[PDB]
Structure formats: C-alpha cells, structure tokens
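Heads up, the thing below is written out as structure tokens.
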Amino acid sequence: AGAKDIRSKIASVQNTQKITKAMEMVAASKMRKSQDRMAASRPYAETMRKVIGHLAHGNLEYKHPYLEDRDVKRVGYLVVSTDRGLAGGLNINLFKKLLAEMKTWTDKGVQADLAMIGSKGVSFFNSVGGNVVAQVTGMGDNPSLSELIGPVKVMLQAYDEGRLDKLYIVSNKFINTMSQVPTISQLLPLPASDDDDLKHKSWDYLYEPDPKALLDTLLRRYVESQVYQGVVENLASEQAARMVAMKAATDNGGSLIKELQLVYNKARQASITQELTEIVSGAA
Amino acid sequence: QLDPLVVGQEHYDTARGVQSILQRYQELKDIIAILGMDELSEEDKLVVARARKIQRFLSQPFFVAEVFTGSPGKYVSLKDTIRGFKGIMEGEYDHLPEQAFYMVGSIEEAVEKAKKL
Amino acid sequence: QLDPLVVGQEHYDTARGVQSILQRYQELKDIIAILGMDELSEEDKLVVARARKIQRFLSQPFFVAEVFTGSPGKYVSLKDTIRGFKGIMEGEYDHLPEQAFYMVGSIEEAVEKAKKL
Amino acid sequence: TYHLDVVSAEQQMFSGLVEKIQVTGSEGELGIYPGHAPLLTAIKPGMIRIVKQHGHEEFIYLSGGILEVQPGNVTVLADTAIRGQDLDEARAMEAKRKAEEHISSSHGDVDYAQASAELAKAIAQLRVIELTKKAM
Amino acid sequence: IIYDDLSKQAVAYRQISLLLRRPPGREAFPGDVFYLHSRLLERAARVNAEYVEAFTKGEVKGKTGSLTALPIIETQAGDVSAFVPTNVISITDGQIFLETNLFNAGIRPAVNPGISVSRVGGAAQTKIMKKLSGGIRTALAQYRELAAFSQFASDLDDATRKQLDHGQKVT
Amino acid sequence: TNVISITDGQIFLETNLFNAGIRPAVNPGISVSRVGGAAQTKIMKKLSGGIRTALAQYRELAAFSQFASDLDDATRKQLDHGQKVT
C-alpha cells in the first residue's frame, strides 16, 4: 500500500491494457485474412464432390469400401486444435464434446483412435490418456494441405485395412464473427448428400484408363480436402475467439483501474493528513 | 496450539493443506480477474474448483443465528470435520456442486443436499 | 561526459554499440523463452551470441575481491577495454565459447583462456 | 472458346476463356479443343500449355491432379505436392513417429509469442485483488 | 527571462519559512506557496502602449513592452501531479514537457507532443510557420501510439505503413 | 529503515511464502549477508554457489509459470529445477 505502490500497479495494469488492445486488433485482421483463405477452398471440394456424384452413386454403381456402411467395431477421430492459447474456451468445449461422444461409443464396447492436428489437443490427450496414433503440429497460421497428408494417410490406411469402421472429423464451425460452434461430423463412410446426377443422364465420361482407378483417388483426395477445409475454418474460428476474449480482458482491465484509483486516492489523502498532523502537533 | 505435537499429525496436516489450497487460490485471482477462468492450466482449474468448495464448507449455521436465517443450527465434532476437509482436498467429493456445501453440518449433509439440488 | 566531443568517436560508438546489443538481447530473451532458440534468424542467433559474450566480458576480478574468490586481480587499460568490446561486436572472437570471457580481465586473456576450456 | 479452371485445394491458379490446352494425361499426352466430349483422367506432374483467347500463350506448372471435361467446362483439380505411394508413406511414417517420441514443434507466430510474453510478465505479482477490496 | 528550477526556490522558501516557525501546509511547504510563484510569474506580461506612455511620461508613445518568462520545473520520475508542479501548471500559459524516454532514446530535444501545449496558440506563430506546421502536432501524437501498436503486429496494412514511415521521417 | 541500515544483513520472512507452505519462509531474493561466503565452511561455500544461481534463474523465469504449458523445454528444465530446489 501507500501511494507509491498503488500508482505502480496502476501503471502496470494500463500497460497490460495496451497489450490486450493490440492483440484484439491483430486478431481482428487475421480473422479476415483467414476467412478469405476459408472461401478459397470451396471450389475444389464442390466440383470434386459433383464428380463423385456421377461416378459413384450415379445410375451406375461401384464397389468401393468407402461408400458402404459396414459394421462398427472401432472408430477414428481427427481432432483439430489450436497451436496457441488465449483462445477462450474453444479447445476445452471441443474436447468435452469429443469425450462425451467417445464415452457414448465405448459404452457399446468399441475402441477409438485419435489423430491430432495442433499441439494443444496433443498435450490434452496425452494427459487424459487418449489413443493418439499420429499427429502434426506447428502449422500455426499457415495451414497447408501437404502437411496434413501424413495423419489422414494413416487414418485412411487404417480404414481400408479394416482396422477402422467409421471416421469422424471434430472441429469448430465458423458461423458468425460472434459465434462458432464445435461439431463432430462424419466423412467415412462417405455421407449420402443429394447431388443427384439423374439430370446428367444426358452424358457419361470417357474414363482413362478405368473408372475404379479414378474413383479411388477421387475419394482419397476428397477426404484430404475436407480435412483441410476443417483446419482452415477452425483457424478462422480461433482468430474470432481470441478477438472476443481480448476484448473482454481489455474491459476487465479498464474496470480494475477504476478500483485501483479509488484505493490510490484514499492513500494519497491519508498520507497528506498523517504528515501534516505530525508536523503541526510537533510544534509546541 | 496448531502443532503436530499437540493436535496430532492428521489434524495439523489437514489444516496446512487447506491453507495451501486457499493461498494458491489467492495467487490466481488476478489472472482470473483479468483474463477470465479459461486461460488457466487444466490442473489450476481443479485447484480453483476445490478452493471454492473449501470456502463454502468452512461455513456453518449457528444456533444463535436462527433469528436471521431460519435454518436450524448445527454442532460439528472435530473428528467429523477433519474427515470432511481431508475428503474434499483428496478429491473424493469432486463430483458435487459448489452450493451443495454452503451452510451445512458434516460432509454427509452436503452429499445429501446435493441430491435435492 | 559520455558524448563524442570529449570521449572521442571511437569510444562513444563502442559504448553505444554495447548498449544497442544488450537492448536487443532484452527483446530476444522473451522470444527464446516461448519459442526456444531455433526459431531465430541467423543474425538473431548471432546477436544473441555476441550479447552473451559482451555481458560476460563486463565482469572482472578485483585485487580486493581476491580474498573472497582467491583468483588474482586484473587491471585493464581503457585502450584495451575499447579494443576488446569492439573486437567482440565486430565478430572477431565469435569462435570462442562464452565461458572464455567470464572474469577474464583483458581481452587477450580470453583468447588464452579459451584454449584450456 | 471454353472456360478453364485450375484450382488447388488451397487456392485458385487460373480462370477465364481459352482456345486450347495440352495436358500430359496419365495414359498419354492429350490436347483439348472446344466442344470436346466429356472426359476424365489423372495427369502427371509437369507443365501445362494454355493459350488464352486472342492467342496469348502461358505456361503453368502442375504437380499432378485430375483433369475433367464437360460440355463447356474444363477444370484441373491440381494439387500442391508430388503425390505418390512412395512419398505419402514416408509422410505417414514421420507422422506416426512423432506420436511415439511425443515431439511438438513450436508454432512460428513470433508476434503472438512476444505479446503473450509481455502479458505474462506484466500480469505477474500484480496482487491487485488483495489490494482493491473487491471480494470475488 | 528564464528562471532555472523554481523547484529550488520553493525549497529555499520552505526552509526560510520553517526557520521562522510559520505554520506549514501540504508537503510542509508554507501556506502561501502558490502566492509565491503567482506574484512572480504574473509579472511576465505584454503591456499596451498607454501604460508605457503613462509610465514613461510621454518619452515613448508608439511601443508596447513585454516580458516573456520560461520557468523550469523538475518532476520526480514524471509525476506531474506533485504539489508544486501542479501549482505552476495552473499559473502558466502552457508547458513544454521534456520526456525522459525520448531523451535517452536519442530524440533530442525530447519534446513530448500531445501532453505539451501552448494555450495562446497560433496567434503567436509567424504566418508561414502557422501554415506549414498546422498538421505536425496531432499527426505525430497519433504516430507515437500507432508505432506502439506496431511492435505486437508484423504484417501491417500499408495504409498504416505509409503513416509509420512518415511519422518516423519527421521524428 | 534504521535497523536495516545498521545491521550487516537481513533475513526477510514473507507471509505469502509462509502460507504457501514454504517454511522457514526466508525470501532468498532480497535477503542478504554482507559477510557472505567468508563465514561458511568451505564445503558449504562450494556447494551453495550453485543454489544461488538456480534460484536466481527460477526467480527470473517464474513469471511464466502461469502460462507454463506454452513454454519451451529448454527453459522448462530450469523452471522445474527451481521448484525442486525450493
């Protein structure tokens, strides 16, 4: 206490408020750039999914393991997590949703396997004893598809090897600048999602060399691309959450200054009084 | 009188554990105040969640305070309270809401109060 | 008295250079803590190495502290102080390990001490 | 002329109207003119020849992909690295390894690093909530 | 006229007051410490030609006299709110605040915009300077906070990078 | 402030360290002893020099303990050795 301590604390908290306001600005710009990069992904996935429309669930059928709803003995999850803190509750809400559903699954006796994107989930599930089979980390704010090839490759190789029976991606969904929602959504076996080619019965392709060889790589690339889309949306959601969290923290600091300055003024006055009564009642 | 040689090891050790938790909780209140509870480590969230229970369980209703609050007073024997605090600290009542501990007698009135919300 | 007109430009510039190096190393300590050394640039790792070597070389053994440490004291003339710090900042002695500079005295004693380490 | 799209999963690399293109398709070099019947094929890494309407040629380098053709649309779902069972298996092996040794690379965000460091140092031993009498 | 550190005249007055037992006031400065600097600085004035012609009994008739004063004050580690500095800030027509951070950083003279101000304003400024300088002050006042946002942000919008370059030029 | 000026050293006992469990609560970062190593047995004089530096590095790093999970193991080693010596 004493004026010269409380003024030092007020100074340090004002500095903290500078820091958090700068971080809010930075995050608010990075969110825009990240959602531009989020809308530069739709064409590839959408056209490729239209293609898989015609080739697979067309009037013509084909015998791919990744379109048939075989039996569930164990399930895989691709987990997207930030590489950086200060994100608000994002990661933990997501991990709690995941843990609740993975509990519901293991209550039928099925095992589960995790592939981790981002280091925060890596640490969390190393602590909670999850079954992490592969991971990639340090992508930061520059996610790239080439880095994702590893873990999704592992999960696919395990799926077609029979070792998995269903595959999920768990990630945040950027909806509004002010609201993002965690979602667990399936990507193997491929969902049934309209895209009817009954209209396109007018034509069929020249397949070089054959449709099955293509359909294989089509589906593999498509899964890779949906994982990438998920990573990029989660990145934009992280930026939005950091923006709102730093906003809240700047207003908290701004109120703590109001408290500290009342304490400071009280100490200022008490010190003046006690100095002056010590002088005056000294004389005589 | 709070010496192992006077109150016995278990009571002294429980008291010092409670103090350690509440102090560690004081050391976090500034970061919690600024950045909110979400920036804590996953083990600090547990320290906070246990301290906020210990604080309530230190509450008690008094026979001379029925005038103010209606609730009937309680008398808690020592043997019956070092057990309750040892329990909360060891995390075996770690599945019960905070308001389950507020204004109760022994740890068994808390486990009951939880059932009724 | 620390301005070019009185100390000479050689001295003034060597002093301001030491200040610049250390003032940058203060910036870099808190990157190294969060990210570890390897994420720095080539010149950032090099600024760090020279900053640590300068920070070491400012230590000295005293003939009167000779009684606390046992090590004999050293007297370093100003010519040699400027020559040493300028040699370190230019990168002449980048090939010696840091501990060659601790409590060394004159700069030649650094190139000598580096042998035995 | 017809409309050509060269898109990667990450980004888009070309659009607009073209007169012809020449593409080293899996089962043999190929060349597309307007009206071409519907076709579908992988392609090998290497250049692709574009001649834009008004005959302005330009090259592009593709690391692979799939070429697809419809009445008036042709598109090339390029991809960003050489894809092949030789390389993907190495990638997956590294990804498995890192799960065992329990490595984590640092992110490269130096600005978040510095901001968070200054924040951690500023907020330390602040002890404010003991000083302002706010209860909490 | 330039008074070097009225901060030390205040102290000499405090001493020569206490030694006469005169009852003290805040910070033990005598009661009338404000009326010490006031009755001094209020002599710096611009006096019109009729007061001159009266005082000098006609010997000079067209002129207006004046006496400008630049008092110096010595804060303790930037604490403008101390007793005497805030007495004097309330007496004078502005202040030139010399900032230690800029002075150590090599910005000499370390004049601090924003917090320093001249309350007569452009009325005192020759026309060309009133034209050319009209923007400098607040442009720099903004640059100094924009460049404080800078360090926590690489990858700056160049609409602001032009600004951070210009401010640095002028500084 | 007088007796701090008269004496040869100080042992500062802190109530926070005393609550947190650290007993005796001596605060090593502001306690001093101008006599210093000259008064120790030379075994202790040898061995305690490294404790001084271990705790000094711990006191410089401690600010990060509340963001620790974000830190780099090259510093995590020090930040745990400090806690163990304490």
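In the stretch D:75-91, what residues are among the polar types (S, T, N, Q) and surrounded by 11 or more Cβ atoms within 10 Å (Cβ to Cβ)?
Quick first cut of the stretch D:75-91, residues among the polar types (S, T, N, Q) only: D:75, D:80, D:85.
Within the stretch D:75-91, D:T75, D:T80 qualify.
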Which of the residues that make up the stretch A:65-120 are among the aliphatic types (A, V, I, L, M), assigned to a loop (DSSP other than H, G, I, E, B) and farther than 30 Å from A:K212 by Cα? A:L86, A:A87, A:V110
For the stretch A:128-143, the count of residues that are within 7 Å of another protein chain (Cβ to nearest Cβ) and farther than 16 Å from A:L78 by Cβ equals 3
Give the stretch F:8-55 a look and list any residue that's assigned to a loop (DSSP other than H, G, I, E, B), free of Cβ contacts under 8 Å to residues at least 12 places away in the same chain and surrounded by fewer than 11 Cβ atoms within 10 Å (Cβ to Cβ), or say none. F:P24, F:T41
Being at the interface with chain A (Cβ under 9 Å from one of its Cβ atoms) and under 14 Å from A:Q157 (Cβ atoms): is that true of D:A81 here? no
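Kindly check whether there is at least one residue in the stretch A:41-57 that is closer than 30 Å to D:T75 by Cβ, polar (S, T, N, Q) and not in a strand (DSSP E or B). So that I can check it myself, show each step before the final result.
Kept after step one, since they are closer than 30 Å to D:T75 by Cβ, are these residues of the stretch A:41-57: A:41-57.
When the remaining residues are screened for being polar (S, T, N, Q), the result is A:41, A:47.
So of that shortlist, the ones also not in a strand (DSSP E or B) come out as A:41, A:47.
Looking for residues that are closer than 30 Å to D:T75 by Cβ, polar (S, T, N, Q) and not in a strand (DSSP E or B), one finds at least one in the stretch A:41-57, hence yes.
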C:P61, sole failed condition from (1) without any contact (Cβ under 8 Å) to a residue 40 or more places away in the chain; (2) surrounded by 13 or more Cβ atoms within 10 Å (Cβ to Cβ); (3) within 16 Å of C:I107 (Cβ to Cβ): (1)
Could you check how many residues of the stretch C:100-117 are surrounded by 14 or more Cβ atoms within 10 Å (Cβ to Cβ) and of a type outside the set (S, T, Y)? 11
All positions within the stretch D:1-51 that are out of contact with any strand residue (DSSP E or B) (no Cβ under 6 Å at 6 or more places or on another chain), of a type in the set (D, E, K, R) and surrounded by fewer than 17 Cβ atoms within 10 Å (Cβ to Cβ): D:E29
Got a number for residues in the stretch F:12-47 being within 26 Å of C:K29 (Cβ to Cβ) and more than 14 Å from chain D (Cβ to nearest Cβ)? 3
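Can you go through A:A39, A:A45, A:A56 and tell me which one is over 25 Å from A:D251 (Cβ atoms), more than 10 Å from every other protein chain (Cβ to nearest Cβ) and surrounded by 18 or more Cβ atoms within 10 Å (Cβ to Cβ)?
Details: A:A39 fails: surrounded by 18 or more Cβ atoms within 10 Å (Cβ to Cβ); A:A45 fails: more than 10 Å from every other protein chain (Cβ to nearest Cβ).
One residue alone meets the criteria, A:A56.
Please return the ranges of helices (runs of 4 or more DSSP H) entirely within the stretch B:1-90 where 1 or more residues are within 11 Å of another protein chain (Cβ to nearest Cβ). If you could, list the steps in order and put the result at the bottom.
Details: elements: B:4-7, B:9-26, B:29-35, B:44-57, B:66-69, B:78-90.
Answer list for the stretch B:1-90: B:9-26, B:29-35, B:44-57.
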When you go through A:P182, A:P191 one by one, which is the residue that is in the same structural domain as A:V154 (by CATH), out of contact with any strand residue (DSSP E or B) (no Cβ under 8 Å at 6 or more places or on another chain) and either within 20 Å of A:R32 (Cα to Cα) or surrounded by fewer than 23 Cβ atoms within 10 Å (Cβ to Cβ) (or both)? A:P191
Would you check if there is a residue in the stretch D:61-74 being outside any loop (DSSP other than H, G, I, E, B), within 10 Å of chain A (Cβ to nearest Cβ), buried (at least 21 other Cβ atoms within 10 Å of the Cβ) and in contact with a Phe, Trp or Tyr (Cβ under 7 Å, 6 or more places away or on another chain)? no
If you scan the stretch A:205-218, which residues turn out to be more than 7 Å from chain D (Cβ to nearest Cβ), farther than 16 Å from A:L156 by Cβ and surrounded by 15 or more Cβ atoms within 10 Å (Cβ to Cβ)? A:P211
Take the conditions farther than 30 Å from A:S127 by Cα and touching a helix residue (DSSP H, G or I) at 6+ places or on another chain (Cβ under 8 Å) and apply them to F:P24. Does it pass? no
Specify the residue that is farthest from A:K18 (Cα to Cα); the eligible residues are those in the stretch E:115-158 that are surrounded by 12 or more Cβ atoms within 10 Å (Cβ to Cβ) and basic (K, R). E:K130
Considering each residue of the stretch D:84-136, count those that are assigned to a helix (DSSP H, G or I), more than 7 Å from chain A (Cβ to nearest Cβ) and among the β-branched types (V, I, T), and give that number. 2
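Within the stretch E:56-73, restricting attention to residues that are of a type outside the set (A, V, I, L, M) and surrounded by 12 or more Cβ atoms within 10 Å (Cβ to Cβ), which residue is nearest to A:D5 (Cα to Cα)? Give the derivation first.
Start the filter on the stretch E:56-73 by keeping residues that are of a type outside the set (A, V, I, L, M), which leaves E:56-59, E:61-66, E:68, E:71.
Imposing the further condition that a residue be surrounded by 12 or more Cβ atoms within 10 Å (Cβ to Cβ) reduces the set to E:56, E:63, E:65, E:71.
On the way: E:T56: 58, E:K63: 55, E:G65: 49, E:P71: 31 Å.
Ranking the qualifying residues of the stretch E:56-73, first place goes to E:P71.
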Within the stretch A:82-110, of all residues that are of a type in the set (D, E) and either under 11 Å from the mean Cα position of the chain (by Cα) or loosely packed, with under 14 Cβ neighbours inside 10 Å (or both), the one farthest from the other protein chains (Cβ to nearest Cβ) is A:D107
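Search the stretch A:144-183 for residues being outside any strand (DSSP E or B) and either touching a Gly at 6+ places or on another chain (Cβ under 8 Å) or among the hydroxyl-bearing types (S, T, Y) (or both), and hand back the single one that is farthest from the other protein chains (Cβ to nearest Cβ).
Quick first cut of the stretch A:144-183, residues outside any strand (DSSP E or B) only: A:144-165, A:177-178.
From what's left, either touching a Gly at 6+ places or on another chain (Cβ under 8 Å) or among the hydroxyl-bearing types (S, T, Y) (or both): A:144, A:146, A:155, A:158-159, A:164, A:177.
Numbers: A:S144: 7, A:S146: 4, A:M155: 9, A:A158: 10, A:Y159: 13, A:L164: 14, A:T177: 19 Å.
Once the filter is applied, the top-ranked residue is A:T177.
Picking from A:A22, A:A28, A:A1, A:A11, which residue would you name as being outside any helix (DSSP H, G or I) and of a type in the set (G, A, S)?
Details: A:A22 fails: outside any helix (DSSP H, G or I); A:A28 fails: outside any helix (DSSP H, G or I); A:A11 fails: outside any helix (DSSP H, G or I).
When all the criteria are applied, what remains is A:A1.
Any residue at all in the stretch D:24-39 that is among the acidic types (D, E) and not in a helix (DSSP H, G or I)?
As a first pass, look at the stretch D:24-39 and keep what is among the acidic types (D, E): D:27, D:29.
Checking which are not in a helix (DSSP H, G or I) leaves us with D:27, D:29.
Taking every residue of the stretch D:24-39 in turn, at least one turns out to be among the acidic types (D, E) and not in a helix (DSSP H, G or I).
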Segments classed as helices (runs of 4 or more DSSP H), wholly inside the stretch E:124-171, with at least 2 members that are among the hydroxyl-bearing types (S, T, Y): E:136-150
For the stretch B:79-93, the count of residues that are in contact (Cβ under 8 Å) with a residue 40 or more places away in the chain and either surrounded by 13 or more Cβ atoms within 10 Å (Cβ to Cβ) or more than 27 Å from B:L46 (Cβ to Cβ) (or both) equals 5
Odd one out for A:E238 among (1) of a type in the set (D, E); (2) more than 8 Å from chain D (Cβ to nearest Cβ); (3) closer than 24 Å to D:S63 by Cα; (4) within 24 Å of the chain's Cα centre (by Cα): (3)
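Basis: the model, the stated rules and, where named, an outside source; no laboratory instrument gave them. When we count neighbours, we look across all protein chains shown, and the Cβ atoms used for this are built from the backbone with ideal geometry, even at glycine.
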